[PDB]
>>> print(open('query_35.cif').read())   # mmCIF, C-alpha atoms and all ligand atoms
data_structure
loop_
_atom_site.group_PDB
_atom_site.id
_atom_site.type_symbol
_atom_site.label_atom_id
_atom_site.label_comp_id
_atom_site.auth_asym_id
_atom_site.auth_seq_id
_atom_site.Cartn_x
_atom_site.Cartn_y
_atom_site.Cartn_z
ATOM 1 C CA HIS W 3 19.753 119.483 -115.697
ATOM 2 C CA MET W 4 23.231 118.119 -114.663
ATOM 3 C CA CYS W 5 22.036 115.606 -112.163
ATOM 4 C CA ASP W 6 18.437 115.031 -113.268
ATOM 5 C CA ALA W 7 18.624 111.275 -113.275
ATOM 6 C CA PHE W 8 20.021 111.289 -109.678
ATOM 7 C CA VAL W 9 17.290 113.464 -108.173
ATOM 8 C CA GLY W 10 14.777 111.741 -105.940
ATOM 9 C CA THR W 11 14.482 109.450 -102.964
ATOM 10 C CA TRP W 12 16.388 106.180 -103.013
ATOM 11 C CA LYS W 13 16.357 103.227 -100.585
ATOM 12 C CA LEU W 14 19.261 100.809 -99.950
ATOM 13 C CA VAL W 15 18.545 97.339 -101.217
ATOM 14 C CA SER W 16 21.921 95.562 -101.218
ATOM 15 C CA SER W 17 25.416 95.992 -99.913
ATOM 16 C CA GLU W 18 28.607 94.077 -100.454
ATOM 17 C CA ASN W 19 31.956 94.332 -98.668
ATOM 18 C CA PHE W 20 30.905 97.431 -96.707
ATOM 19 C CA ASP W 21 32.331 96.165 -93.415
ATOM 20 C CA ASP W 22 35.718 95.671 -95.081
ATOM 21 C CA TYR W 23 35.520 99.120 -96.646
ATOM 22 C CA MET W 24 34.735 100.646 -93.259
ATOM 23 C CA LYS W 25 37.651 98.724 -91.690
ATOM 24 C CA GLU W 26 39.990 100.068 -94.373
ATOM 25 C CA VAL W 27 38.786 103.581 -93.662
ATOM 26 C CA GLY W 28 39.433 103.132 -89.908
ATOM 27 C CA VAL W 29 35.880 102.836 -88.557
ATOM 28 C CA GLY W 30 35.769 101.130 -85.162
ATOM 29 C CA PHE W 31 33.925 97.935 -84.326
ATOM 30 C CA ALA W 32 30.745 99.286 -82.723
ATOM 31 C CA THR W 33 30.176 101.912 -85.404
ATOM 32 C CA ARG W 34 30.760 99.352 -88.134
ATOM 33 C CA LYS W 35 28.194 97.016 -86.673
ATOM 34 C CA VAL W 36 25.454 99.662 -86.322
ATOM 35 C CA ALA W 37 26.289 101.405 -89.600
ATOM 36 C CA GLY W 38 26.369 98.166 -91.502
ATOM 37 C CA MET W 39 22.850 97.308 -90.230
ATOM 38 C CA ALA W 40 21.415 100.586 -91.484
ATOM 39 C CA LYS W 41 19.073 100.718 -94.464
ATOM 40 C CA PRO W 42 19.332 104.353 -95.414
ATOM 41 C CA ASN W 43 17.148 106.574 -97.595
ATOM 42 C CA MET W 44 19.413 108.743 -99.901
ATOM 43 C CA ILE W 45 17.560 111.934 -100.932
ATOM 44 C CA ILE W 46 19.172 113.900 -103.772
ATOM 45 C CA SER W 47 17.964 117.319 -104.879
ATOM 46 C CA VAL W 48 19.223 120.210 -106.950
ATOM 47 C CA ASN W 49 18.461 123.923 -106.681
ATOM 48 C CA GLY W 50 20.397 125.995 -109.167
ATOM 49 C CA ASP W 51 24.045 125.025 -108.899
ATOM 50 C CA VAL W 52 23.630 123.569 -105.414
ATOM 51 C CA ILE W 53 23.267 119.805 -105.016
ATOM 52 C CA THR W 54 22.038 118.383 -101.716
ATOM 53 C CA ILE W 55 22.486 114.758 -100.686
ATOM 54 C CA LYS W 56 20.769 113.626 -97.483
ATOM 55 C CA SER W 57 21.069 110.189 -95.902
ATOM 56 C CA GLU W 58 18.382 109.274 -93.410
ATOM 57 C CA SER W 59 18.611 106.065 -91.338
ATOM 58 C CA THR W 60 18.249 104.691 -87.875
ATOM 59 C CA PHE W 61 22.042 105.095 -87.501
ATOM 60 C CA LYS W 62 22.644 108.682 -88.506
ATOM 61 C CA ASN W 63 21.059 111.410 -90.517
ATOM 62 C CA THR W 64 23.514 113.310 -92.673
ATOM 63 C CA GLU W 65 23.234 116.146 -95.156
ATOM 64 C CA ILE W 66 25.724 117.726 -97.523
ATOM 65 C CA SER W 67 25.184 120.611 -99.931
ATOM 66 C CA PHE W 68 27.813 121.526 -102.499
ATOM 67 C CA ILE W 69 28.683 122.942 -105.881
ATOM 68 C CA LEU W 70 30.478 120.658 -108.309
ATOM 69 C CA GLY W 71 34.228 121.104 -108.217
ATOM 70 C CA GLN W 72 34.172 123.286 -105.114
ATOM 71 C CA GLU W 73 35.763 121.828 -101.988
ATOM 72 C CA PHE W 74 33.870 121.759 -98.720
ATOM 73 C CA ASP W 75 34.659 120.513 -95.219
ATOM 74 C CA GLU W 76 32.333 117.447 -94.290
ATOM 75 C CA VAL W 77 31.836 115.572 -90.986
ATOM 76 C CA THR W 78 31.181 111.995 -92.052
ATOM 77 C CA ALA W 79 28.736 109.639 -90.374
ATOM 78 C CA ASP W 80 31.678 107.929 -88.658
ATOM 79 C CA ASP W 81 32.913 111.375 -87.417
ATOM 80 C CA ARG W 82 35.877 111.929 -89.707
ATOM 81 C CA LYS W 83 36.543 115.576 -90.435
ATOM 82 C CA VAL W 84 37.313 115.505 -94.150
ATOM 83 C CA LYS W 85 37.798 117.870 -97.037
ATOM 84 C CA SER W 86 35.522 116.803 -99.872
ATOM 85 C CA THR W 87 35.163 117.605 -103.520
ATOM 86 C CA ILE W 88 32.389 116.244 -105.709
ATOM 87 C CA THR W 89 32.574 116.356 -109.499
ATOM 88 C CA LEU W 90 30.650 114.884 -112.400
ATOM 89 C CA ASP W 91 32.932 112.634 -114.618
ATOM 90 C CA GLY W 92 31.275 111.091 -117.543
ATOM 91 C CA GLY W 93 27.880 111.163 -115.854
ATOM 92 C CA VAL W 94 29.185 109.688 -112.544
ATOM 93 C CA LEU W 95 29.212 111.714 -109.365
ATOM 94 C CA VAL W 96 32.707 111.329 -107.924
ATOM 95 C CA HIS W 97 33.082 112.266 -104.231
ATOM 96 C CA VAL W 98 36.663 112.411 -102.908
ATOM 97 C CA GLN W 99 37.310 112.773 -99.170
ATOM 98 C CA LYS W 100 40.743 113.731 -97.855
ATOM 99 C CA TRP W 101 41.823 113.540 -94.182
ATOM 100 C CA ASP W 102 45.046 112.772 -92.319
ATOM 101 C CA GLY W 103 46.989 112.121 -95.561
ATOM 102 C CA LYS W 104 44.385 109.504 -96.604
ATOM 103 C CA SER W 105 41.813 109.552 -99.358
ATOM 104 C CA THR W 106 38.635 107.639 -100.174
ATOM 105 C CA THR W 107 36.334 107.951 -103.157
ATOM 106 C CA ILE W 108 32.613 107.367 -103.383
ATOM 107 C CA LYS W 109 31.136 107.077 -106.874
ATOM 108 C CA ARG W 110 27.386 107.316 -107.509
ATOM 109 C CA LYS W 111 26.083 106.172 -110.894
ATOM 110 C CA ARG W 112 22.707 105.514 -112.486
ATOM 111 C CA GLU W 113 22.483 101.989 -113.877
ATOM 112 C CA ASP W 114 19.085 100.809 -115.194
ATOM 113 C CA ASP W 115 16.566 101.777 -112.485
ATOM 114 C CA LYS W 116 19.183 101.730 -109.729
ATOM 115 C CA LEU W 117 21.602 104.142 -108.209
ATOM 116 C CA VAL W 118 24.863 102.239 -107.593
ATOM 117 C CA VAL W 119 27.305 103.511 -104.973
ATOM 118 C CA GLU W 120 30.910 102.305 -105.084
ATOM 119 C CA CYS W 121 33.158 103.150 -102.154
ATOM 120 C CA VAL W 122 36.926 102.624 -102.524
ATOM 121 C CA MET W 123 39.609 102.815 -99.865
ATOM 122 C CA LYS W 124 43.040 101.644 -101.272
ATOM 123 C CA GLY W 125 42.444 98.106 -102.667
ATOM 124 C CA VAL W 126 39.011 97.666 -100.974
ATOM 125 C CA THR W 127 35.771 98.337 -102.880
ATOM 126 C CA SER W 128 32.249 98.134 -101.647
ATOM 127 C CA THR W 129 29.162 98.224 -103.833
ATOM 128 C CA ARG W 130 25.803 99.406 -102.525
ATOM 129 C CA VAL W 131 22.654 99.374 -104.616
ATOM 130 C CA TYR W 132 19.725 101.728 -104.133
ATOM 131 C CA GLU W 133 16.239 101.568 -105.714
ATOM 132 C CA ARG W 134 13.666 104.379 -106.011
ATOM 133 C CA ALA W 135 11.628 104.668 -102.878
HETATM 134 O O1 LIG D 1 26.866 108.180 -97.418
HETATM 135 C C1 LIG D 1 27.119 107.001 -97.866
HETATM 136 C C2 LIG D 1 26.145 106.091 -98.529
HETATM 137 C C3 LIG D 1 26.548 104.819 -98.858
HETATM 138 O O2 LIG D 1 25.740 103.929 -99.440
HETATM 139 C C4 LIG D 1 27.891 104.444 -98.594
HETATM 140 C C5 LIG D 1 28.777 105.271 -97.960
HETATM 141 N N1 LIG D 1 28.436 106.493 -97.628
HETATM 142 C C6 LIG D 1 29.329 107.272 -96.834
HETATM 143 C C7 LIG D 1 29.511 106.619 -95.474
HETATM 144 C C8 LIG D 1 30.697 106.762 -94.745
HETATM 145 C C9 LIG D 1 30.903 106.183 -93.504
HETATM 146 C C10 LIG D 1 29.934 105.452 -92.842
HETATM 147 CL CL1 LIG D 1 30.073 104.774 -91.257
HETATM 148 C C11 LIG D 1 28.759 105.331 -93.518
HETATM 149 O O3 LIG D 1 27.816 104.576 -92.891
HETATM 150 C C12 LIG D 1 26.547 104.919 -93.059
HETATM 151 C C13 LIG D 1 25.797 103.770 -93.216
HETATM 152 C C14 LIG D 1 24.442 103.927 -93.313
HETATM 153 C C15 LIG D 1 23.839 105.151 -93.218
HETATM 154 C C16 LIG D 1 24.638 106.295 -93.096
HETATM 155 C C17 LIG D 1 26.001 106.208 -93.032
HETATM 156 C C18 LIG D 1 28.487 105.933 -94.793
#
>>> encode(input="query_35.cif", output="structure tokens")
Amino acid sequence: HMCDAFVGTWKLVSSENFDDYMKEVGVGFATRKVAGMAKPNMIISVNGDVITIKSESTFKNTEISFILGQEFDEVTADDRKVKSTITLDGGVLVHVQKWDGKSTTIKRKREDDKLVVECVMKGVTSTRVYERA
């Protein structure tokens, strides 16, 4: 019942500072422009210990499946090959990606009827808000 309030289908409704976050991460111009236009669906499901997070958009479709605390190799939408670990910390899903001596963290939290996604790269934070679809 660990992630019950995350399960479902969520649609992006607002984004702030995502271009700057992507710049900090090293995403190139053309990918930033097309990625930043996207209005993804985030689909979260759980089956036993396995959590699946899908992102569906006109830009890319991605899917990760994982067990909390158990590292996995991930190819990100911007084609980084990263080692990821996702944990639950105080009811927040915390997703750390490591590559090339760098690290970024994506936090997903339930707040009122929204799912709020905060992406941090060094001093740059972006906040993305999703609503139930
Ligand atoms: O998977 C998520 C969901 C978010 O809201 C924010 C970051 N991340 C991770 C993330 C990482 C890099 C890029 Cl380029 C990215 O761009 C998109 C944009 C739209 C659709 C798919 C990928 C999303």
>>> atom_distance(input="query_35.cif", atom1="CA of residue 133 (chain W)", atom2="CA of residue 105 (chain W)")
27.5 Å
>>> atom_distance(input="query_35.cif", atom1="CA of residue 129 (chain W)", atom2="CA of residue 101 (chain W)")
22.1 Å
>>> resolve_selection(input="query_35.cif", expression="the PyMOL selection byres (((not hetatm)) within 7 of (chain D and resi 1))", output="number ranges by chain")
W: 24, 29, 33-34, 37-38, 40-42, 57-59, 61-63, 78-80, 108, 119, 121, 130
>>> residues_near_point(input="query_35.cif", point="(36.3, 98.1, -96.2)", cutoff="10 Å", atoms="all atoms listed in the file", output="ChimeraX atom specification")
/W:18-29,34,121-128
>>> residues_around(input="query_35.cif", residues="residue 102 (chain W)", least_positions_apart="5", cutoff="10 Å", atoms="all atoms listed in the file", output="JSON, numbers by chain")
{"W": [82, 83, 84]}
>>> resolve_selection(input="query_35.cif", expression="the PyMOL selection byres (((chain W and resi 4) around 12) and not hetatm)", output="ChimeraX atom specification")
/W:3,5-9,47-53,69-70,89-95
>>> residues_near_point(input="query_35.cif", point="(37.2, 114.0, -102.4)", cutoff="6 Å", atoms="only C-alpha atoms", output="list in words")
residues 86, 87, 97, 98, 99 and 100 of chain W
>>> atom_distance(input="query_35.cif", atom1="CA of residue 132 (chain W)", atom2="CA of residue 15 (chain W)")
5.4 Å
>>> closest_residue(input="query_35.cif", among="W:35, W:109, W:116, W:104", to="residue 16 (chain W)", atoms="all atoms listed in the file")
W:116
>>> closest_residue(input="query_35.cif", among="W:36, W:66, W:77, W:131", to="residue 110 (chain W)", atoms="only C-alpha atoms")
W:131
>>> closest_residue(input="query_35.cif", among="W:65, W:106, W:112, W:43", to="residue 85 (chain W)", atoms="all atoms listed in the file")
W:106
>>> closest_residue(input="query_35.cif", among="W:111, W:103, W:60, W:11", to="residue 44 (chain W)", atoms="only C-alpha atoms")
W:11
>>> decode(input="query_35.cif", residues="region 18-72 of chain W", atoms="C-alpha atoms", output="PDB file, in the first residue's frame")
ATOM      1  CA  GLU W  18       8.488  26.242 -13.985  1.00  0.00           C
ATOM      2  CA  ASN W  19      12.215  26.598 -14.658  1.00  0.00           C
ATOM      3  CA  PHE W  20      12.391  23.304 -16.574  1.00  0.00           C
ATOM      4  CA  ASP W  21      14.520  24.737 -19.382  1.00  0.00           C
ATOM      5  CA  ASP W  22      17.079  25.925 -16.827  1.00  0.00           C
ATOM      6  CA  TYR W  23      17.021  22.545 -15.108  1.00  0.00           C
ATOM      7  CA  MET W  24      17.608  20.808 -18.433  1.00  0.00           C
ATOM      8  CA  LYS W  25      20.477  23.220 -19.213  1.00  0.00           C
ATOM      9  CA  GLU W  26      22.069  22.428 -15.849  1.00  0.00           C
ATOM     10  CA  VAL W  27      21.788  18.730 -16.589  1.00  0.00           C
ATOM     11  CA  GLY W  28      23.476  19.199 -20.000  1.00  0.00           C
ATOM     12  CA  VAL W  29      20.524  18.763 -22.373  1.00  0.00           C
ATOM     13  CA  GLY W  30      21.170  20.326 -25.777  1.00  0.00           C
ATOM     14  CA  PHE W  31      19.140  23.078 -27.394  1.00  0.00           C
ATOM     15  CA  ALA W  32      16.906  21.092 -29.755  1.00  0.00           C
ATOM     16  CA  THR W  33      16.010  18.476 -27.155  1.00  0.00           C
ATOM     17  CA  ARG W  34      15.255  21.170 -24.602  1.00  0.00           C
ATOM     18  CA  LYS W  35      12.897  22.923 -26.957  1.00  0.00           C
ATOM     19  CA  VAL W  36      10.915  19.786 -27.887  1.00  0.00           C
ATOM     20  CA  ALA W  37      10.989  18.324 -24.374  1.00  0.00           C
ATOM     21  CA  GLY W  38       9.899  21.565 -22.817  1.00  0.00           C
ATOM     22  CA  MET W  39       6.855  21.687 -25.152  1.00  0.00           C
ATOM     23  CA  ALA W  40       5.706  18.226 -24.112  1.00  0.00           C
ATOM     24  CA  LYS W  41       2.619  17.718 -21.970  1.00  0.00           C
ATOM     25  CA  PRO W  42       3.211  14.229 -20.682  1.00  0.00           C
ATOM     26  CA  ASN W  43       0.889  11.681 -19.075  1.00  0.00           C
ATOM     27  CA  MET W  44       2.674  10.056 -16.022  1.00  0.00           C
ATOM     28  CA  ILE W  45       1.190   6.593 -15.327  1.00  0.00           C
ATOM     29  CA  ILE W  46       2.164   5.053 -11.979  1.00  0.00           C
ATOM     30  CA  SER W  47       1.299   1.494 -11.000  1.00  0.00           C
ATOM     31  CA  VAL W  48       2.346  -1.042  -8.411  1.00  0.00           C
ATOM     32  CA  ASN W  49       2.377  -4.838  -8.580  1.00  0.00           C
ATOM     33  CA  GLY W  50       3.782  -6.428  -5.463  1.00  0.00           C
ATOM     34  CA  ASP W  51       7.100  -4.773  -4.707  1.00  0.00           C
ATOM     35  CA  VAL W  52       7.534  -3.517  -8.267  1.00  0.00           C
ATOM     36  CA  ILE W  53       6.651   0.093  -9.072  1.00  0.00           C
ATOM     37  CA  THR W  54       6.274   1.163 -12.697  1.00  0.00           C
ATOM     38  CA  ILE W  55       6.368   4.778 -13.848  1.00  0.00           C
ATOM     39  CA  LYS W  56       5.557   5.470 -17.502  1.00  0.00           C
ATOM     40  CA  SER W  57       5.717   8.858 -19.205  1.00  0.00           C
ATOM     41  CA  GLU W  58       3.818   9.167 -22.455  1.00  0.00           C
ATOM     42  CA  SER W  59       4.105  12.304 -24.627  1.00  0.00           C
ATOM     43  CA  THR W  60       4.597  13.492 -28.143  1.00  0.00           C
ATOM     44  CA  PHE W  61       8.327  13.824 -27.329  1.00  0.00           C
ATOM     45  CA  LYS W  62       9.215  10.451 -25.890  1.00  0.00           C
ATOM     46  CA  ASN W  63       7.595   7.519 -24.222  1.00  0.00           C
ATOM     47  CA  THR W  64       9.556   6.190 -21.278  1.00  0.00           C
ATOM     48  CA  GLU W  65       9.028   3.419 -18.762  1.00  0.00           C
ATOM     49  CA  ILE W  66      10.900   2.416 -15.633  1.00  0.00           C
ATOM     50  CA  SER W  67      10.161  -0.455 -13.263  1.00  0.00           C
ATOM     51  CA  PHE W  68      11.983  -0.774  -9.958  1.00  0.00           C
ATOM     52  CA  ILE W  69      11.998  -1.905  -6.363  1.00  0.00           C
ATOM     53  CA  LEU W  70      12.516   0.747  -3.711  1.00  0.00           C
ATOM     54  CA  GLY W  71      16.127   1.037  -2.638  1.00  0.00           C
ATOM     55  CA  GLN W  72      17.424  -1.193  -5.419  1.00  0.00           C
TER      56      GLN W  72
END
